[PDB]
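Top to bottom, those sequences are chains A, B, C, D and E. Throughout the first sequence, residue numbering follows our numbering, covering 134 to 143 in sequence. Throughout the second sequence, residue numbering follows our numbering, covering 134 to 143 in sequence. Throughout the third sequence, residue numbering follows our numbering, covering 1428 to 1907 in sequence. Throughout the fourth sequence, residue numbering follows our numbering, covering 238 to 1185 in sequence. Throughout the fifth sequence, residue numbering follows our numbering, covering 1421 to 1519 in sequence. First the structure, in the form of structure tokens, and then the observations on it.
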Amino acid sequence: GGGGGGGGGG
Amino acid sequence: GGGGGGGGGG
Amino acid sequence: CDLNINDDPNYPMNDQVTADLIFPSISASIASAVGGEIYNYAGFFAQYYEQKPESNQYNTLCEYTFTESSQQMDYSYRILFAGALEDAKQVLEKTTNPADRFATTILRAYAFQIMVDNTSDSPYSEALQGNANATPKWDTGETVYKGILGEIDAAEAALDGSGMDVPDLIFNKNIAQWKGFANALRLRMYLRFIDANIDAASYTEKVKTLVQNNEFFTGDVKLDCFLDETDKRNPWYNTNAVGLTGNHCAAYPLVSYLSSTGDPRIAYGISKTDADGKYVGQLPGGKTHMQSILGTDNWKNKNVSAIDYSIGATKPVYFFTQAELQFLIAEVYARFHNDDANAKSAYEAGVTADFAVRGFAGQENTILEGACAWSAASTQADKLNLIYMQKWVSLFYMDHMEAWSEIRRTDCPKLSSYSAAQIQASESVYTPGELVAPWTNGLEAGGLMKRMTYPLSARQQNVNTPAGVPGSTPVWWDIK
Amino acid sequence: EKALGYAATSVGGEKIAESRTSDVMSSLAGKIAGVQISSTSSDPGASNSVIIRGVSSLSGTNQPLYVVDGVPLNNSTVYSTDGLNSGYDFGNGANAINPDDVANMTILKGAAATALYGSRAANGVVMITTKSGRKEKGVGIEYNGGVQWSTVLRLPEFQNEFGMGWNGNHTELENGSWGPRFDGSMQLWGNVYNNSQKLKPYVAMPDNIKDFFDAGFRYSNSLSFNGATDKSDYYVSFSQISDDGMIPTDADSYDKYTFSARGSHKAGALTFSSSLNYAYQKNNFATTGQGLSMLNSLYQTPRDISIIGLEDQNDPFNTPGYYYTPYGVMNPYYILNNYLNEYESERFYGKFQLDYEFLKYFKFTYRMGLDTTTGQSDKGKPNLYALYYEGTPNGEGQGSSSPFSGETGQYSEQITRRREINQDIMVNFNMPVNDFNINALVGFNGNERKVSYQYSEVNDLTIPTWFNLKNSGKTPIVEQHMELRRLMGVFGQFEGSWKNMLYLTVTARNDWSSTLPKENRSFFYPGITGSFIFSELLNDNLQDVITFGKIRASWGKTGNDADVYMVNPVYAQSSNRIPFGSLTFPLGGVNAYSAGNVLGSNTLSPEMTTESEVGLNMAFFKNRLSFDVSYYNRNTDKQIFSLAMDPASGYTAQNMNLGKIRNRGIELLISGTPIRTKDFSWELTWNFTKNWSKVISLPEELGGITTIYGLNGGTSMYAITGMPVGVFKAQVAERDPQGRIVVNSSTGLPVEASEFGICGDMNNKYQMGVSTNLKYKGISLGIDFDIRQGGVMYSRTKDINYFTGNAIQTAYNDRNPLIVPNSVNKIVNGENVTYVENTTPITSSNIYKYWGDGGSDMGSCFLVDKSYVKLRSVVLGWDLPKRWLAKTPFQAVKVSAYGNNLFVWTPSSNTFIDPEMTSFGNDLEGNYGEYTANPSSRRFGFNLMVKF
Amino acid sequence: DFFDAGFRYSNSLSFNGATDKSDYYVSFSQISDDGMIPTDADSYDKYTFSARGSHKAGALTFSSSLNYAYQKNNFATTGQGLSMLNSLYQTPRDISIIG
Ligand SMILES: CCCCCCCCCC(=O)OCCCOC(=O)CCCCCCCCC
Ligand SMILES: [Ca+2]
Ligand SMILES: [Ca+2]
Ligand code: NA
């Protein structure tokens, strides 16, 4: 499916 | 005044 | 109560949309893919850059821990197929001008080339037929490689001399430069027939009698039309420098090779470390292993060379680097003639061309008279090592999807037969500029990435999509 | 009425209003069989979902038709297109109704006899009826004046064992808690400002996130004016609600105002009447998402940081360039004080109805309905780059990885305009013949719906804080949109009746819609229902035990059309969606159109829903024990849908008629009155619902699967041909042929399986409510529990607290090195597949990654169990004795104390959210999950009523 | 001869009644104008709806009046450029305009 997310920072 | 105005053609 | 109101008012009448309104979409579509997320993951596979320590967007690509459900090229597959290739299909139905048809057939044939270099296999014979066939067969890579060179030939033989009448943001209606872009893709697709040993007599025949001609392009084949505003930048910079934060640092194989040669291209797209002001690449897939050995406070982003994004905001998307074009000639001069002096000045012109594009014109002497001098190149294979390993540099920050492709065909740069952990534990072992299989590696067979997954959108709705295979299994033309 | 042949519930205004919700449906949550009612979030102003007998529409239109008098009422919803980076919900069409104006509500749950309202009734009907003028004593003035408080209902359960840090090691700037076990030692933290650093003891603060929240507060005022004569009646009302929620500052705001004036006059055979209503709302929403939003920023706090110690911006270490962490988050107080997300709506809706009785048996009825809205959204974010980048750690010191890249500011504004007209011309005929009774009704219906908007946006703000379209040096973006749809229909409804014992009803209707292909616009659908009051022929004694006994059965169809503009091809201005951005035309000076990606069709036929239903209703002993049961079998067929297609076909979707989506179910209501003296009464109610969703076929030419909502390379929810709607697929760990989890030979961490697995669906397995009402003289006490069990739902709240090291689950093994219990290594050279006992541990250094990815479940771990038991509402009401209202102007006085959403109890697997959340709206795609939606809330208030 | 005859239809309807304690008035008006300039470019559509009422009870009287008005105008733009009438007045006296 479409939408996209980013990972965090650390 | 303000606002222009054009001559015509001939 | 009029019921005949179902023509969408938000879009033009289908008559009014002409071939000149559709054609500019084709290049921009292709550019948004191969200069964006394809270019992106190819830069990891070619080992130009690596995941920044303090962020995590691309762990899965660095460590080859991605699978088919990760959808690592599902955007670009939708873009190249449901975008560029369908529009190209429509242009070809809406205009009879041979010049415009030539210029679309090249752009179309370039897309199939890119998708084949990714999955070795692509729908072709039956693609773009809509509801008459929702489930296209996936052609073997060379029915389509031989297919689309058969197209480019036929559309070339239809030219009658008339000009182009569609907006052309690659060449500006210069059909001379479309001549050279078509022959240049012939040069690069012929070479891979050879180094895959399919009709290797006939395609060496033709690479002899197409470098015969120098009938190639001048300058670079690009889409340079980007502004640093919104939805108008370079796709790769857009994704990675406004949508994300910085995730890219320079990788160990490139950074060491360029330090080894004293290259000043060292600084174009690559920053000194924020801690000691030196050039440090991170060994492939070694993000997590280095903070385990060195400690958390001692492998932050300040201890590795960041990828400078600032030069990319407006920076063009390249489909065919000039410096690459003459590196390919230089290799046919050194291999299929044996014209050393001619090879030497194709090589020297690939370096001089690159040096100028990065703003270091006049300093190619630093590579052409030193470590990478054509003087010290003993063997025949020593010269080609020089040709290929200066090709590989030339494509950094320019055309990563090819850089990785050509790495697989010539298989130089080569896999340092030493693991990432060894090279960590004593550097003196590593020959600068050869590739390190990722420290963490999700390919059961080990090695270097050779083949992107297949589109999950194809997997789910198209039953005739080839069965998923590990990344380890080569594309049809990689035989070694 | 109640010669009806299918399931229907009726609620009185008093019950609707007693809860004192601003909304009319949310107080009915968990209280009616077959009527699933959730609120998208406890954020003031948010939408409400009402779903009757499961999802039938895959294309996201499953709310019942609301019908106010009886003019259909706009139910549009305003919520974020992008739930992932900017989630917000500004409300629902029905949220406009004043609860105090409701006389009766009657939910039609059957889709078999819908000829009176056409297609949109297949999803159900909420028939509302408003109060009219009545002669009472003395003046006709009712005042209601309330006050309410919000408090956080449930925050995720945190570990308090490890503080700021990563890899197990102490840092001074982490957004997480993978540090060492608290010492009580003193350890520096935060960025350094003026060569000075903050320095505090290294110990947990387990209330840091809880202290962050304020107490919500809300006041309301409604007045009505009422009067009638033997010929006319007149009713005028005004309501007003102001809420500032649980979240610090004004950011969480809803203001509602309504005004209504209804009236009728009868003169001879003719009656004319009119109803006109105005509604104004002003929302402010604290946006959710994965970027620099409040909640995301708030959960990414180390467990040792004092969050309220960050509000004072006069302390430089809390200013954005020195905020203690740089990792994709900001000071939550800064976000809520300096971002803007606001909505305003003005709305007018009304009816004109004229009745004319003629020739003994006939009645002519003309009814006209109008509903028009203009709403205005305004969103801004500051140019963080210009304000804070240079010279600061967070900052120029972070380079391309600063949170301020490229946060260069943005401002947009949208005005949307909606307008619906409905027209009904009906003649009704009613004649008793001997014992029989005949009622016939033929009518014409005409309808026209129109929405439009215009949208403008500028980026890169010259003056970094001013939100105006003048404040940019770069190109503006402008978008404009309109759709228009029309429909007429003829219908007929014959109801026959013998001795008040058999009832029979026949409905037929034929529609012509504008959204179907020209050569196939007309669709027809009949129905048939029967009622049998078999009490009326029992013994003389045997019918002294059975007060009432009815059996009912319906079989019928309901046709349906398509959404606008799904037949013809389209060429769009050419744009390319890339990961986290676009590359759109014009470039550079050239415009370009691209073949649109949804292939259209002129093959489409109309939708058709077929439903069968039987029901039984019995009451016993004075109606001291009563039940209603119903069984339904409903098949939505050939619904028009953009079905995913392989982009290599040249389109990503084709518009076709699907197969059947079936929902079968049991609806059970059971009431009884154990005690009814004259001063005391005790009532108990139990309602029960079970629905079975099954997609029966999606056209196999295009596969048998299409995404409804999904993350690229992550958890996606589908509709699959053999399964219930809303099957999730997620990544799972690979396992060998005997069930042990294969693990990487060097890291210790799970290896991904080659495919995603199925991991549950969105559907509850059952739903039930249990409630009790105590009446003693004029005190009342109501208590209502709501029970939803089964099914699964994605939750970023768990995803982020796992990734953060804050979830209690992550303090597993006391974070000492560990081997995944019952793990193996896969040993495969070429073609020989073998498994060996795993010996590799997961290091302290790598424990963060193990949990960040989800433990041994991998990403499927962040499917959470949607189950809960909830103390939905309690209401304690005291009618003051009329004798104390004699020297007063007051005809009646009732003070009332109530609580909503009071406690929630969930399975052990879920210590993170109230499952009644979403970030994707109040329909189908809402079921995908919540994306760090704001924490749900506990409400409790008073209300004072005064009649004059 | 360039000009047409404008044409305009109108329809108004009202309803009223009272008692000795109340009154009610509800009205509808529609107006459709297409002016003398050829084509539909002179166009004015007016629609109004209004409903007012009162009710006395004792010493208290409450009344309300709520009115809705709709309008769609189409103007034949005037002025010195490529406007209709400027274009029309600059015509030689021998030129047939309706041709
Ligand atoms: C006794 C009166 C019966 C009047 C009955 C009128 C019936 C025609 C409706 C119609 O064909 O389709 C309705 C679609 C939308 O209607 C409009 O856009 C409204 C058009 C304008 C209608 C004005 C109605 C004025 C009534 C006072
Ligand atoms: Ca607040
Ligand atoms: Ca006219
Ligand atoms: Na397209």
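The beta carbon of each residue, even a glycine, is placed where N, CA and C say it ideally should be.
Legend entry - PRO485 (chain D) CB to nearest heavy atom of ligand 5 below 7 Å: Here the bound small molecules are ligand 1, ligand 2, ligand 3 and ligand 4; ligand 5 is not part of this structure.
Legend entry - Proximity test, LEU721 (chain D) beta-carbon vs ligand 1 heavy atom, cut-off 7 Å: no
Inset, instruction - Below 7 Å CB to CB, which residues in the same chain sit around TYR808 (chain D) once its five sequence neighbours on both sides are set aside? - result: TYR830, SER831, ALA832 and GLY833
Inset, instruction - May I ask you to list, following chain order, the residues of the region 1648 to 1676 of chain C that have a beta carbon less than 7 Å from some beta carbon of chain A? - result: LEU1671
Inset, instruction - Within its chain, find whatever has a CB closer than 6 Å to the CB of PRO630 (chain D); leave out the 5 residues flanking it on each side and keep chain order. - result: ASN428
Legend entry - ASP1421 (chain E) Cβ short of 7 Å to ligand 3 heavy atom set: no
Legend entry - Rounded separation between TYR517 (chain D) and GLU594 (chain D) - CA only: 38 Å
Legend entry - Any C-beta of chain A under 8 Å from that of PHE817 (chain D): yes
Inset, instruction - Would you decide whether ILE1016 (chain D) is buried or exposed? Buried here means 16 or more other CB atoms lie within 10 Å of its CB. - result: exposed
Inset, instruction - Compute the beta-carbon to beta-carbon distance between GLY565 (chain D) and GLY141 (chain A), rounded to the nearest angstrom, for a pair I have assumed lies under 8 Å. - result: 6 Å
Inset, instruction - Measuring only between beta-carbons, confirm whether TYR564 (chain D) sits less than 8 Å from chain A. - result: yes
Inset, instruction - For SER530 (chain D), decide whether its Cβ has a neighbour in chain A, counting only Cβ atoms nearer than 8 Å. - result: no
Legend entry - Within 8 Å, strictly: CB atoms of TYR536 (chain D) and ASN1038 (chain D): yes
Legend entry - Contained alpha helix (DSSP H) runs [length at least 4] in the region 390 to 466 of chain D, N- to C-terminal order: 445 to 449
Legend entry - Proximity below 8 Å, CB of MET999 (chain D) to CB of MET954 (chain D): yes
Legend entry - Limits of the alpha helix (DSSP H) - the one that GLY1136 (chain D) falls within: Where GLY1136 (chain D) is concerned, there is no enclosing alpha helix (DSSP H), although the beta strand (DSSP E) it sits in stretches over 1129 to 1137.
Inset, instruction - Could you name the residues of the same chain whose beta carbon sits closer than 8 Å to that of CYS1676 (chain C), not counting the 5 residues immediately before and after it, in chain order? - result: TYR1476, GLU1477, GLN1478, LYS1479, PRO1480, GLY1708, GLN1709, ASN1728, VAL1731, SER1732, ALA1733 and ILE1734
Legend entry - Close beta carbons around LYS1818 (chain C), own chain, < 6 Å, minus the five adjacent residues each side: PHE1754
Legend entry - Opening and closing residue of the beta strand (DSSP E) in which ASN1010 (chain D) lies: 1003 to 1013
Inset, instruction - Could you tell me whether any non-hydrogen atom of ligand 2 is closer than 7 Å to the CB of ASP280 (chain D)? - result: no
Legend entry - Residue from D:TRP792, D:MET893, D:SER879 and D:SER908 whose Cα sits closest to the Cα of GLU848 (chain D): D:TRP792
Legend entry - Backbone secondary structure at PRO309 (chain D) - three-state DSSP: strand
Inset, instruction - Rounded to whole angstroms, what's the CA-CA distance from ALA1048 (chain D) to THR1715 (chain C)? Just pull it up for me. - result: 21 Å
Inset, instruction - Report the residue from D:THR744, D:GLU1068 and D:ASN924 whose alpha carbon sits nearest the alpha carbon of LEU241 (chain D). - result: D:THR744
Legend entry - Chain-ordered neighbours of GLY141 (chain A) on chain C, where CB pairs are closer than 9 Å: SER1482 and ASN1483
Inset, instruction - With a cut-off of 8 Å on the beta carbons, I'd call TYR1031 (chain D) and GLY1166 (chain D) a contact; round off their distance for me. - result: 3 Å
Inset, instruction - Decide if the region 635 to 642 of chain D is in contact with the region 604 to 623 of chain D; the criterion is three or more beta carbon pairs, one per stretch, under 8 Å apart. - result: yes
Legend entry - Neighbour list for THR1468 (chain E) in chain D, Cβ cutoff strictly below 8 Å: Here the premise fails: no neighbours, minimum Cβ distance about 12 Å.
Inset, instruction - Give the single residue among D:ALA790, D:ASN412, D:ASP1160 and D:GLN1004 whose Cα lies nearest to the Cα of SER1104 (chain D). - result: D:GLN1004
Legend entry - CA-to-CA distance, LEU1018 (chain D) to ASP549 (chain D), given in whole angstroms: 45 Å
Inset, instruction - Could you tell me if the beta carbon of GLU1513 (chain C) falls within a distance shorter than 7 Å of some heavy atom in ligand 4? - result: yes
Inset, instruction - List in chain order the residues whose CB is within less than 5 Å of at least one heavy atom of ligand 1. - result: C:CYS1428, D:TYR603, D:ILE658, D:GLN660, D:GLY683, D:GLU685 and E:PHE1448
Inset, instruction - With distances taken Cα to Cα, identify the nearest neighbour of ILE572 (chain D) among D:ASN533, D:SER543, D:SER614 and D:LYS600. - result: D:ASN533
Inset, instruction - Taking only the alpha-carbon atoms, compute the straight-line gap between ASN894 (chain D) and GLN1887 (chain C) and give it to the nearest angstrom. - result: 19 Å
Legend entry - Where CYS1428 (chain C) falls, given that 16 or more other Cβ within 10 Å makes a residue buried: exposed
Inset, instruction - Measure from the C-beta of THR1497 (chain E) to each C-beta in chain D and report whether the shortest distance is under 8 Å. - result: no
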